[PDB]
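Trainee: My structure is in my_file.pdb, and what it holds is PDB, C-alpha atoms and all ligand atoms:
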```
MODEL        1
ATOM      1  CA  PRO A   1      65.657  43.591   6.584  1.00  0.00           C
ATOM      2  CA  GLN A   2      69.015  42.071   5.822  1.00  0.00           C
ATOM      3  CA  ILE A   3      68.883  38.456   4.717  1.00  0.00           C
ATOM      4  CA  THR A   4      71.980  36.280   4.737  1.00  0.00           C
ATOM      5  CA  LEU A   5      72.251  33.207   2.492  1.00  0.00           C
ATOM      6  CA  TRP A   6      73.344  30.452   4.882  1.00  0.00           C
ATOM      7  CA  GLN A   7      69.809  29.133   4.372  1.00  0.00           C
ATOM      8  CA  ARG A   8      67.156  29.545   1.688  1.00  0.00           C
ATOM      9  CA  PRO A   9      65.880  33.170   1.563  1.00  0.00           C
ATOM     10  CA  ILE A  10      62.257  32.237   2.172  1.00  0.00           C
ATOM     11  CA  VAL A  11      59.578  34.862   2.924  1.00  0.00           C
ATOM     12  CA  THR A  12      55.861  34.967   3.619  1.00  0.00           C
ATOM     13  CA  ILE A  13      53.676  36.192   0.753  1.00  0.00           C
ATOM     14  CA  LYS A  14      49.955  36.688   0.351  1.00  0.00           C
ATOM     15  CA  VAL A  15      48.433  36.152  -3.095  1.00  0.00           C
ATOM     16  CA  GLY A  16      44.832  35.479  -4.150  1.00  0.00           C
ATOM     17  CA  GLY A  17      43.786  35.685  -0.515  1.00  0.00           C
ATOM     18  CA  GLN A  18      46.131  32.906   0.616  1.00  0.00           C
ATOM     19  CA  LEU A  19      49.255  33.136   2.739  1.00  0.00           C
ATOM     20  CA  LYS A  20      52.145  31.091   1.279  1.00  0.00           C
ATOM     21  CA  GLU A  21      55.900  30.650   1.599  1.00  0.00           C
ATOM     22  CA  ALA A  22      58.134  31.609  -1.318  1.00  0.00           C
ATOM     23  CA  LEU A  23      61.780  31.852  -2.287  1.00  0.00           C
ATOM     24  CA  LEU A  24      63.480  35.211  -3.059  1.00  0.00           C
ATOM     25  CA  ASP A  25      65.243  34.368  -6.276  1.00  0.00           C
ATOM     26  CA  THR A  26      67.590  36.730  -8.059  1.00  0.00           C
ATOM     27  CA  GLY A  27      68.074  34.163 -10.829  1.00  0.00           C
ATOM     28  CA  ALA A  28      64.391  34.256 -11.783  1.00  0.00           C
ATOM     29  CA  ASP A  29      63.379  36.872 -14.388  1.00  0.00           C
ATOM     30  CA  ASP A  30      59.760  36.408 -13.377  1.00  0.00           C
ATOM     31  CA  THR A  31      57.660  35.269 -10.455  1.00  0.00           C
ATOM     32  CA  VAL A  32      56.483  31.626 -10.649  1.00  0.00           C
ATOM     33  CA  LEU A  33      53.858  30.195  -8.260  1.00  0.00           C
ATOM     34  CA  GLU A  34      52.752  26.569  -7.762  1.00  0.00           C
ATOM     35  CA  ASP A  35      49.352  25.674  -9.296  1.00  0.00           C
ATOM     36  CA  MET A  36      46.643  27.656  -7.501  1.00  0.00           C
ATOM     37  CA  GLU A  37      43.368  29.300  -8.439  1.00  0.00           C
ATOM     38  CA  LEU A  38      43.665  32.869  -9.711  1.00  0.00           C
ATOM     39  CA  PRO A  39      40.866  35.001 -11.205  1.00  0.00           C
ATOM     40  CA  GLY A  40      41.013  36.654 -14.611  1.00  0.00           C
ATOM     41  CA  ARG A  41      42.344  35.989 -18.088  1.00  0.00           C
ATOM     42  CA  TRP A  42      45.776  34.447 -18.440  1.00  0.00           C
ATOM     43  CA  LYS A  43      47.964  33.603 -21.394  1.00  0.00           C
ATOM     44  CA  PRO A  44      49.999  30.438 -21.995  1.00  0.00           C
ATOM     45  CA  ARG A  45      53.747  30.807 -21.861  1.00  0.00           C
ATOM     46  CA  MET A  46      56.882  28.654 -21.890  1.00  0.00           C
ATOM     47  CA  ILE A  47      59.781  29.109 -19.484  1.00  0.00           C
ATOM     48  CA  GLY A  48      63.006  27.160 -19.325  1.00  0.00           C
ATOM     49  CA  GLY A  49      65.081  26.104 -16.377  1.00  0.00           C
ATOM     50  CA  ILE A  50      67.257  23.276 -15.188  1.00  0.00           C
ATOM     51  CA  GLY A  51      64.690  20.532 -15.748  1.00  0.00           C
ATOM     52  CA  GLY A  52      63.962  21.756 -19.273  1.00  0.00           C
ATOM     53  CA  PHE A  53      60.877  23.659 -20.411  1.00  0.00           C
ATOM     54  CA  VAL A  54      57.611  23.956 -18.548  1.00  0.00           C
ATOM     55  CA  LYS A  55      54.317  25.520 -19.632  1.00  0.00           C
ATOM     56  CA  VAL A  56      52.974  28.213 -17.314  1.00  0.00           C
ATOM     57  CA  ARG A  57      49.973  30.521 -17.256  1.00  0.00           C
ATOM     58  CA  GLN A  58      50.812  34.212 -17.361  1.00  0.00           C
ATOM     59  CA  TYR A  59      48.653  36.510 -15.239  1.00  0.00           C
ATOM     60  CA  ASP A  60      49.142  40.257 -15.574  1.00  0.00           C
ATOM     61  CA  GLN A  61      48.930  42.935 -12.874  1.00  0.00           C
ATOM     62  CA  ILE A  62      48.419  40.593  -9.914  1.00  0.00           C
ATOM     63  CA  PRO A  63      48.689  42.079  -6.412  1.00  0.00           C
ATOM     64  CA  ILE A  64      51.063  40.281  -4.052  1.00  0.00           C
ATOM     65  CA  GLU A  65      51.911  41.106  -0.481  1.00  0.00           C
ATOM     66  CA  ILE A  66      55.530  40.221   0.309  1.00  0.00           C
ATOM     67  CA  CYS A  67      56.484  40.547   3.981  1.00  0.00           C
ATOM     68  CA  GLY A  68      53.674  43.070   4.412  1.00  0.00           C
ATOM     69  CA  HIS A  69      54.537  45.178   1.365  1.00  0.00           C
ATOM     70  CA  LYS A  70      52.046  45.246  -1.490  1.00  0.00           C
ATOM     71  CA  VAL A  71      53.679  44.975  -4.875  1.00  0.00           C
ATOM     72  CA  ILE A  72      52.084  44.207  -8.240  1.00  0.00           C
ATOM     73  CA  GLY A  73      53.277  42.612 -11.454  1.00  0.00           C
ATOM     74  CA  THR A  74      53.113  39.676 -13.822  1.00  0.00           C
ATOM     75  CA  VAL A  75      52.630  36.307 -12.166  1.00  0.00           C
ATOM     76  CA  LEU A  76      53.315  32.951 -13.848  1.00  0.00           C
ATOM     77  CA  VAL A  77      51.388  29.968 -12.481  1.00  0.00           C
ATOM     78  CA  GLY A  78      52.373  26.389 -13.243  1.00  0.00           C
ATOM     79  CA  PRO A  79      53.840  23.108 -11.999  1.00  0.00           C
ATOM     80  CA  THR A  80      56.883  24.544 -10.194  1.00  0.00           C
ATOM     81  CA  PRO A  81      57.926  22.542  -7.111  1.00  0.00           C
ATOM     82  CA  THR A  82      58.435  25.770  -5.179  1.00  0.00           C
ATOM     83  CA  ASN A  83      56.905  29.262  -5.125  1.00  0.00           C
ATOM     84  CA  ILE A  84      59.449  31.672  -6.607  1.00  0.00           C
ATOM     85  CA  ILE A  85      59.580  35.480  -6.280  1.00  0.00           C
ATOM     86  CA  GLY A  86      61.409  36.818  -9.332  1.00  0.00           C
ATOM     87  CA  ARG A  87      63.257  40.043 -10.036  1.00  0.00           C
ATOM     88  CA  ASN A  88      60.098  41.591 -11.535  1.00  0.00           C
ATOM     89  CA  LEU A  89      58.681  41.794  -8.023  1.00  0.00           C
ATOM     90  CA  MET A  90      61.906  42.054  -5.986  1.00  0.00           C
ATOM     91  CA  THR A  91      62.649  45.439  -7.701  1.00  0.00           C
ATOM     92  CA  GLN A  92      59.343  46.690  -6.300  1.00  0.00           C
ATOM     93  CA  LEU A  93      60.471  45.892  -2.755  1.00  0.00           C
ATOM     94  CA  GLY A  94      63.646  47.900  -3.387  1.00  0.00           C
ATOM     95  CA  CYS A  95      65.667  44.736  -2.933  1.00  0.00           C
ATOM     96  CA  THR A  96      69.438  44.636  -3.540  1.00  0.00           C
ATOM     97  CA  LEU A  97      72.293  42.126  -3.578  1.00  0.00           C
ATOM     98  CA  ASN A  98      75.126  43.363  -1.367  1.00  0.00           C
ATOM     99  CA  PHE A  99      78.700  42.220  -0.835  1.00  0.00           C
TER     100      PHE A  99
ATOM    101  CA  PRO B   1      78.932  46.346  -4.392  1.00  0.00           C
ATOM    102  CA  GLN B   2      75.202  46.950  -4.198  1.00  0.00           C
ATOM    103  CA  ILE B   3      73.344  45.354  -7.058  1.00  0.00           C
ATOM    104  CA  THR B   4      69.832  46.333  -8.144  1.00  0.00           C
ATOM    105  CA  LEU B   5      67.674  43.766  -9.896  1.00  0.00           C
ATOM    106  CA  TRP B   6      66.185  45.736 -12.792  1.00  0.00           C
ATOM    107  CA  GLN B   7      68.538  43.628 -14.904  1.00  0.00           C
ATOM    108  CA  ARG B   8      69.975  40.092 -14.550  1.00  0.00           C
ATOM    109  CA  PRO B   9      72.860  40.092 -12.001  1.00  0.00           C
ATOM    110  CA  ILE B  10      75.579  38.727 -14.284  1.00  0.00           C
ATOM    111  CA  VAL B  11      79.226  38.539 -13.265  1.00  0.00           C
ATOM    112  CA  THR B  12      82.379  37.262 -14.929  1.00  0.00           C
ATOM    113  CA  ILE B  13      84.048  34.399 -13.091  1.00  0.00           C
ATOM    114  CA  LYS B  14      87.296  32.566 -13.571  1.00  0.00           C
ATOM    115  CA  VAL B  15      87.129  28.790 -13.140  1.00  0.00           C
ATOM    116  CA  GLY B  16      89.045  25.774 -14.459  1.00  0.00           C
ATOM    117  CA  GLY B  17      91.422  28.166 -16.152  1.00  0.00           C
ATOM    118  CA  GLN B  18      88.586  29.803 -18.090  1.00  0.00           C
ATOM    119  CA  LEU B  19      86.688  33.104 -18.040  1.00  0.00           C
ATOM    120  CA  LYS B  20      82.915  32.733 -17.961  1.00  0.00           C
ATOM    121  CA  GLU B  21      79.700  34.685 -17.409  1.00  0.00           C
ATOM    122  CA  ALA B  22      77.387  33.513 -14.648  1.00  0.00           C
ATOM    123  CA  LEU B  23      74.186  34.551 -12.909  1.00  0.00           C
ATOM    124  CA  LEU B  24      74.113  35.430  -9.158  1.00  0.00           C
ATOM    125  CA  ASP B  25      71.302  33.166  -7.984  1.00  0.00           C
ATOM    126  CA  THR B  26      69.797  33.191  -4.459  1.00  0.00           C
ATOM    127  CA  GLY B  27      67.296  30.539  -5.563  1.00  0.00           C
ATOM    128  CA  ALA B  28      70.141  28.096  -6.218  1.00  0.00           C
ATOM    129  CA  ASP B  29      71.442  26.133  -3.224  1.00  0.00           C
ATOM    130  CA  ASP B  30      74.400  24.979  -5.257  1.00  0.00           C
ATOM    131  CA  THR B  31      76.545  26.444  -8.006  1.00  0.00           C
ATOM    132  CA  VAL B  32      75.780  24.919 -11.429  1.00  0.00           C
ATOM    133  CA  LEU B  33      77.854  25.305 -14.606  1.00  0.00           C
ATOM    134  CA  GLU B  34      77.321  24.074 -18.165  1.00  0.00           C
ATOM    135  CA  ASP B  35      79.654  21.231 -19.392  1.00  0.00           C
ATOM    136  CA  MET B  36      83.271  22.213 -18.691  1.00  0.00           C
ATOM    137  CA  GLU B  37      86.012  19.863 -17.335  1.00  0.00           C
ATOM    138  CA  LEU B  38      87.140  20.793 -13.837  1.00  0.00           C
ATOM    139  CA  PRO B  39      90.182  19.793 -11.789  1.00  0.00           C
ATOM    140  CA  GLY B  40      89.561  16.712  -9.658  1.00  0.00           C
ATOM    141  CA  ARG B  41      87.169  13.801  -9.445  1.00  0.00           C
ATOM    142  CA  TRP B  42      83.414  13.884  -9.422  1.00  0.00           C
ATOM    143  CA  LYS B  43      80.421  11.927  -8.138  1.00  0.00           C
ATOM    144  CA  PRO B  44      76.980  11.677  -9.738  1.00  0.00           C
ATOM    145  CA  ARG B  45      74.110  13.713  -8.355  1.00  0.00           C
ATOM    146  CA  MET B  46      70.441  14.380  -9.085  1.00  0.00           C
ATOM    147  CA  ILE B  47      69.231  17.965  -8.705  1.00  0.00           C
ATOM    148  CA  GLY B  48      65.734  19.343  -9.147  1.00  0.00           C
ATOM    149  CA  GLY B  49      65.009  22.456 -11.154  1.00  0.00           C
ATOM    150  CA  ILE B  50      61.790  23.997 -12.428  1.00  0.00           C
ATOM    151  CA  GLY B  51      61.356  21.313 -15.095  1.00  0.00           C
ATOM    152  CA  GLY B  52      62.195  18.285 -12.994  1.00  0.00           C
ATOM    153  CA  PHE B  53      65.315  16.421 -11.946  1.00  0.00           C
ATOM    154  CA  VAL B  54      68.525  16.147 -13.880  1.00  0.00           C
ATOM    155  CA  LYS B  55      71.824  14.248 -13.465  1.00  0.00           C
ATOM    156  CA  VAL B  56      74.919  16.400 -12.877  1.00  0.00           C
ATOM    157  CA  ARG B  57      78.555  15.943 -11.843  1.00  0.00           C
ATOM    158  CA  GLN B  58      79.632  17.094  -8.383  1.00  0.00           C
ATOM    159  CA  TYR B  59      83.195  18.347  -8.054  1.00  0.00           C
ATOM    160  CA  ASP B  60      84.382  19.238  -4.563  1.00  0.00           C
ATOM    161  CA  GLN B  61      86.906  21.950  -3.589  1.00  0.00           C
ATOM    162  CA  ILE B  62      86.909  23.853  -6.877  1.00  0.00           C
ATOM    163  CA  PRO B  63      88.638  27.259  -6.557  1.00  0.00           C
ATOM    164  CA  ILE B  64      86.745  30.140  -8.209  1.00  0.00           C
ATOM    165  CA  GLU B  65      87.536  33.820  -8.785  1.00  0.00           C
ATOM    166  CA  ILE B  66      84.430  36.061  -8.534  1.00  0.00           C
ATOM    167  CA  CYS B  67      84.473  39.877  -8.653  1.00  0.00           C
ATOM    168  CA  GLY B  68      88.019  40.263  -7.341  1.00  0.00           C
ATOM    169  CA  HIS B  69      87.334  37.518  -4.765  1.00  0.00           C
ATOM    170  CA  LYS B  70      88.714  34.022  -4.391  1.00  0.00           C
ATOM    171  CA  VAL B  71      86.418  31.290  -3.116  1.00  0.00           C
ATOM    172  CA  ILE B  72      86.330  27.537  -3.010  1.00  0.00           C
ATOM    173  CA  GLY B  73      83.527  25.032  -2.811  1.00  0.00           C
ATOM    174  CA  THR B  74      81.408  22.417  -4.508  1.00  0.00           C
ATOM    175  CA  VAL B  75      80.571  22.946  -8.174  1.00  0.00           C
ATOM    176  CA  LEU B  76      77.928  20.950 -10.030  1.00  0.00           C
ATOM    177  CA  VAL B  77      78.292  20.433 -13.798  1.00  0.00           C
ATOM    178  CA  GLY B  78      75.361  19.605 -16.035  1.00  0.00           C
ATOM    179  CA  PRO B  79      72.488  20.631 -18.322  1.00  0.00           C
ATOM    180  CA  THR B  80      71.822  24.142 -17.092  1.00  0.00           C
ATOM    181  CA  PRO B  81      70.716  26.815 -19.604  1.00  0.00           C
ATOM    182  CA  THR B  82      72.989  29.368 -17.884  1.00  0.00           C
ATOM    183  CA  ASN B  83      75.928  29.262 -15.473  1.00  0.00           C
ATOM    184  CA  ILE B  84      74.656  30.031 -11.990  1.00  0.00           C
ATOM    185  CA  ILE B  85      76.374  30.932  -8.742  1.00  0.00           C
ATOM    186  CA  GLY B  86      74.462  29.439  -5.813  1.00  0.00           C
ATOM    187  CA  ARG B  87      74.258  30.214  -2.119  1.00  0.00           C
ATOM    188  CA  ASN B  88      77.175  27.881  -1.312  1.00  0.00           C
ATOM    189  CA  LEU B  89      79.591  30.353  -2.900  1.00  0.00           C
ATOM    190  CA  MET B  90      77.663  33.574  -2.268  1.00  0.00           C
ATOM    191  CA  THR B  91      77.942  33.094   1.490  1.00  0.00           C
ATOM    192  CA  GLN B  92      81.714  33.111   0.970  1.00  0.00           C
ATOM    193  CA  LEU B  93      81.414  36.476  -0.792  1.00  0.00           C
ATOM    194  CA  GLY B  94      79.361  37.767   2.109  1.00  0.00           C
ATOM    195  CA  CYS B  95      76.279  38.347  -0.057  1.00  0.00           C
ATOM    196  CA  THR B  96      73.069  39.499   1.526  1.00  0.00           C
ATOM    197  CA  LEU B  97      69.650  40.512   0.255  1.00  0.00           C
ATOM    198  CA  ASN B  98      68.393  43.907   1.463  1.00  0.00           C
ATOM    199  CA  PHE B  99      64.982  45.556   1.090  1.00  0.00           C
TER     200      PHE B  99
HETATM  201  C1  LIG C   1      61.089  33.920 -16.855  1.00  0.00           C
HETATM  202  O1  LIG C   1      60.945  33.491 -15.509  1.00  0.00           O
HETATM  203  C2  LIG C   1      61.663  32.418 -15.022  1.00  0.00           C
HETATM  204  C3  LIG C   1      61.683  32.240 -13.642  1.00  0.00           C
HETATM  205  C4  LIG C   1      62.395  31.174 -13.090  1.00  0.00           C
HETATM  206  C5  LIG C   1      63.111  30.238 -13.839  1.00  0.00           C
HETATM  207  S1  LIG C   1      63.998  28.948 -13.107  1.00  0.00           S
HETATM  208  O2  LIG C   1      63.382  28.707 -11.858  1.00  0.00           O
HETATM  209  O3  LIG C   1      64.082  27.905 -14.061  1.00  0.00           O
HETATM  210  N1  LIG C   1      65.605  29.376 -12.791  1.00  0.00           N
HETATM  211  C6  LIG C   1      66.348  29.904 -13.986  1.00  0.00           C
HETATM  212  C7  LIG C   1      67.816  29.454 -14.138  1.00  0.00           C
HETATM  213  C8  LIG C   1      68.782  30.367 -13.409  1.00  0.00           C
HETATM  214  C9  LIG C   1      68.069  28.006 -13.727  1.00  0.00           C
HETATM  215  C10 LIG C   1      66.013  30.163 -11.591  1.00  0.00           C
HETATM  216  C11 LIG C   1      66.034  29.586 -10.133  1.00  0.00           C
HETATM  217  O4  LIG C   1      67.262  29.946  -9.588  1.00  0.00           O
HETATM  218  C12 LIG C   1      65.788  28.053  -9.924  1.00  0.00           C
HETATM  219  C13 LIG C   1      64.521  28.018  -9.080  1.00  0.00           C
HETATM  220  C14 LIG C   1      64.148  26.744  -8.431  1.00  0.00           C
HETATM  221  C15 LIG C   1      64.509  26.529  -7.101  1.00  0.00           C
HETATM  222  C16 LIG C   1      64.161  25.333  -6.465  1.00  0.00           C
HETATM  223  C17 LIG C   1      63.443  24.351  -7.155  1.00  0.00           C
HETATM  224  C18 LIG C   1      63.084  24.574  -8.479  1.00  0.00           C
HETATM  225  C19 LIG C   1      63.432  25.763  -9.109  1.00  0.00           C
HETATM  226  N2  LIG C   1      66.770  27.253  -9.191  1.00  0.00           N
HETATM  227  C20 LIG C   1      67.359  26.044  -9.608  1.00  0.00           C
HETATM  228  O5  LIG C   1      67.081  25.549 -10.690  1.00  0.00           O
HETATM  229  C21 LIG C   1      68.324  25.282  -8.768  1.00  0.00           C
HETATM  230  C22 LIG C   1      69.700  25.526  -8.888  1.00  0.00           C
HETATM  231  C23 LIG C   1      70.605  24.826  -8.100  1.00  0.00           C
HETATM  232  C24 LIG C   1      70.102  23.876  -7.197  1.00  0.00           C
HETATM  233  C25 LIG C   1      68.738  23.627  -7.061  1.00  0.00           C
HETATM  234  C26 LIG C   1      67.867  24.341  -7.864  1.00  0.00           C
HETATM  235  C27 LIG C   1      68.279  22.590  -6.065  1.00  0.00           C
HETATM  236  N3  LIG C   1      66.982  21.972  -6.513  1.00  0.00           N
HETATM  237  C28 LIG C   1      69.326  21.482  -5.957  1.00  0.00           C
HETATM  238  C29 LIG C   1      70.760  21.970  -5.910  1.00  0.00           C
HETATM  239  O6  LIG C   1      71.060  23.250  -6.467  1.00  0.00           O
HETATM  240  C30 LIG C   1      63.085  30.457 -15.236  1.00  0.00           C
HETATM  241  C31 LIG C   1      62.377  31.514 -15.828  1.00  0.00           C
ENDMDL
END
```
Have the structure of the file written as structure tokens, please.
Ligand SMILES: COc1ccc(S(=O)(=O)N(CC(C)C)C[C@H](O)[C@H](Cc2ccccc2)NC(=O)c2ccc3c(c2)[C@@H](N)CCO3)cc1
Mentor:
Amino acid sequence: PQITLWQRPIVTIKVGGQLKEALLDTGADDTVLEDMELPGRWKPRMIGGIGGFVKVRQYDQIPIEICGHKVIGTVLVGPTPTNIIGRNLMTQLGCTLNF
Amino acid sequence: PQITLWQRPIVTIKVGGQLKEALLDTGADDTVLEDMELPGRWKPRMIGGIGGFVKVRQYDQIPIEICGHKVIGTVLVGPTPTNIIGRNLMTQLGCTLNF
């Protein structure tokens, strides 16, 4: 698809069995999801953004379906107010910024 | 330009007389710059990032030069870790996301 930016670039994802909405975010190094239940070991991590620093849980090699395409990568889980799809997964969709 | 996302999409911009590096950010509704002094008056505004809400200054009708392009819009100034270009300016560039 081609997605313009007159509104938020929001897509449907499926992770941990659940369908969710998420934001395609070229400013995010990594993918950050709102608190949910995910299986497997994780490791604590700190990320920094506009509101300061937040503590997230880092999950490795987590499968995520984005608009029907299965990708896999690191997923951070924590108290973000919005599900965010980072570059680490957008590369795997073959996604580009065009102007 | 077609920009892949294997690395951060950084561009040089010219604003308020000054040359600066900023991040192309589809997850940002609005453009946000670190403390700067801009032409014109501002009003207070609260914006919400990954760590919570923060007070910024909203300047309207700020001209900005981005990748050989001239644009003009609202620029927010406040405690952001990195300068970010939001959708409000990227639409003026004609940016799209493409899978
Ligand atoms: C290592 O992985 C990460 C991933 C994401 C982040 S981040 O979310 O903190 N962020 C990094 C910088 C560029 C600020 C990138 C996103 O662009 C960020 C995501 C977000 C969107 C909505 C709500 C919370 C977070 N976007 C913004 O901070 C942002 C930027 C501008 C903006 C708004 C938000 C609106 N809430 C109000 C007006 O304009 C940091 C580290």
Trainee: Give me, please, the distance in Å between atom CA of residue A:86 and atom CA of residue B:83, quoted to one decimal.
Mentor: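 Computed distance, atom CA of residue A:86 to atom CA of residue B:83, equals 17.5 Å.
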Trainee: Considering all atoms listed in the file, give me a table of residues in chain B that are at most 6 Å from chain A, with the closest atom pair and distance in Å for each, as CSV.
Mentor:
```
residue,atom,partner,partner_atom,distance
B:1,CA,A:99,CA,5.5
B:2,CA,A:98,CA,4.6
B:3,CA,A:97,CA,4.9
B:4,CA,A:96,CA,4.9
B:5,CA,A:91,CA,5.7
B:25,CA,A:27,CA,4.4
B:26,CA,A:25,CA,5.0
B:27,CA,A:25,CA,4.4
B:49,CA,A:50,CA,4.7
B:50,CA,A:80,CA,5.4
B:51,CA,A:51,CA,3.5
B:52,CA,A:51,CA,4.3
B:53,CA,A:51,CA,5.6
B:80,CA,A:50,CA,5.0
B:87,CA,A:5,CA,5.9
B:91,CA,A:5,CA,5.8
B:94,CA,A:99,CA,5.4
B:95,CA,A:99,CA,4.6
B:96,CA,A:4,CA,4.7
B:97,CA,A:97,CA,4.9
B:98,CA,A:2,CA,4.8
B:99,CA,A:95,CA,4.2
```
Trainee: Take atom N1 of ligand LIG 1 (chain C) and atom CA of residue A:68 and report the distance between them in Å, one decimal.
Mentor: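 Atom-to-atom, atom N1 of ligand LIG 1 (chain C) to atom CA of residue A:68, that is 25.0 Å.
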Trainee: Would you write out, as a list in words, every residue that the PyMOL selection byres (((chain A and resi 69) around 10) and not hetatm) captures in this file?
Mentor: residues 13, 14, 64, 65, 66, 67, 68, 70, 71, 72, 92 and 93 of chain A
Trainee: One number please: atom CA of residue A:59 to atom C17 of ligand LIG 1 (chain C), in Å, one decimal.
Mentor: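 Answer for the atom CA of residue A:59 to atom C17 of ligand LIG 1 (chain C) separation: 20.8 Å.
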Trainee: Check the smallest atom-to-atom distance from each of A:31, A:18, A:74, A:58 to ligand LIG 1 (chain C) using all atoms listed in the file, then report the winner.
Mentor: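 Ranked by minimum distance to ligand LIG 1 (chain C), first place goes to A:31.
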Trainee: Would you kindly return, as a VMD selection string, each protein, DNA or RNA residue with an atom no farther than 12 Å from any atom of residue B:17, considering all atoms listed in the file and excluding same-chain residues fewer than 5 positions away?
Mentor: chain B and resid 36 to 39 62 to 65
Trainee: Assuming 8 Å of padding per side, give the centre and edge lengths of the axis-aligned box around every listed atom of ligand LIG 1 (chain C), in Å to one decimal and as JSON.
Mentor:
```
{"center_x": 66.0, "center_y": 27.7, "center_z": -11.4, "size_x": 26.1, "size_y": 28.4, "size_z": 26.9}
```
Trainee: Measuring atom to atom with all atoms listed in the file, identify which of A:35, A:41, A:56, A:30 is nearest to ligand LIG 1 (chain C).
Mentor: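 Once distances to ligand LIG 1 (chain C) are computed over all atoms listed in the file, the minimum belongs to A:30.
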Trainee: What's the 7 Å shell around residue A:57, counting all atoms listed in the file, without same-chain residues fewer than 6 positions away, as a ChimeraX atom specification?
Mentor: /A:42-45,76-78
Trainee: Got a sec to resolve the PyMOL selection byres (((chain B and resi 21) around 6) and not hetatm) on this structure and send the residues as a ChimeraX atom specification?
Mentor: /B:11-12,20,22
Trainee: Please rebuild stretch 20-37 of chain B with N, CA and C atoms and give the result as a short mmCIF file (atom, residue, chain, number, x, y, z; two decimals), in the frame of the given file.
Mentor:
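Wrote it out as result06.cif, contents follow:
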```cif
data_model
loop_
_atom_site.label_atom_id
_atom_site.label_comp_id
_atom_site.auth_asym_id
_atom_site.auth_seq_id
_atom_site.Cartn_x
_atom_site.Cartn_y
_atom_site.Cartn_z
N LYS B 20 84.30 33.07 -17.63
CA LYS B 20 82.92 32.73 -17.96
C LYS B 20 81.93 33.71 -17.33
N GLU B 21 80.77 33.86 -17.97
CA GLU B 21 79.70 34.68 -17.41
C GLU B 21 78.72 33.82 -16.62
N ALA B 22 78.31 34.29 -15.46
CA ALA B 22 77.39 33.51 -14.65
C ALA B 22 76.39 34.41 -13.95
N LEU B 23 75.27 33.82 -13.54
CA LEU B 23 74.19 34.55 -12.91
C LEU B 23 74.18 34.37 -11.38
N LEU B 24 74.26 35.47 -10.62
CA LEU B 24 74.11 35.43 -9.16
C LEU B 24 72.71 34.98 -8.74
N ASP B 25 72.60 33.83 -8.08
CA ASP B 25 71.30 33.17 -7.98
C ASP B 25 70.91 32.72 -6.57
N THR B 26 70.15 33.54 -5.84
CA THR B 26 69.80 33.19 -4.46
C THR B 26 68.79 32.03 -4.39
N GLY B 27 68.18 31.69 -5.52
CA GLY B 27 67.30 30.54 -5.56
C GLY B 27 68.02 29.24 -5.88
N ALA B 28 69.35 29.30 -5.99
CA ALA B 28 70.14 28.10 -6.22
C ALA B 28 70.94 27.74 -4.97
N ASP B 29 70.67 26.58 -4.38
CA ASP B 29 71.44 26.13 -3.22
C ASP B 29 72.90 25.98 -3.61
N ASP B 30 73.09 25.35 -4.77
CA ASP B 30 74.40 24.98 -5.26
C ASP B 30 74.75 25.71 -6.55
N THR B 31 76.05 25.86 -6.79
CA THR B 31 76.54 26.44 -8.01
C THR B 31 76.42 25.42 -9.14
N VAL B 32 75.92 25.84 -10.30
CA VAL B 32 75.78 24.92 -11.43
C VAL B 32 76.34 25.54 -12.70
N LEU B 33 77.25 24.83 -13.37
CA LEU B 33 77.85 25.30 -14.61
C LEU B 33 77.55 24.36 -15.75
N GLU B 34 77.43 24.90 -16.96
CA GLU B 34 77.32 24.07 -18.16
C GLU B 34 78.62 23.27 -18.39
N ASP B 35 78.52 22.13 -19.08
CA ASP B 35 79.65 21.23 -19.39
C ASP B 35 81.03 21.89 -19.54
N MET B 36 82.05 21.41 -18.83
CA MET B 36 83.27 22.21 -18.69
C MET B 36 84.65 21.57 -18.48
N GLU B 37 84.73 20.42 -17.81
CA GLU B 37 86.01 19.86 -17.34
C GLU B 37 86.57 20.71 -16.19
#
```
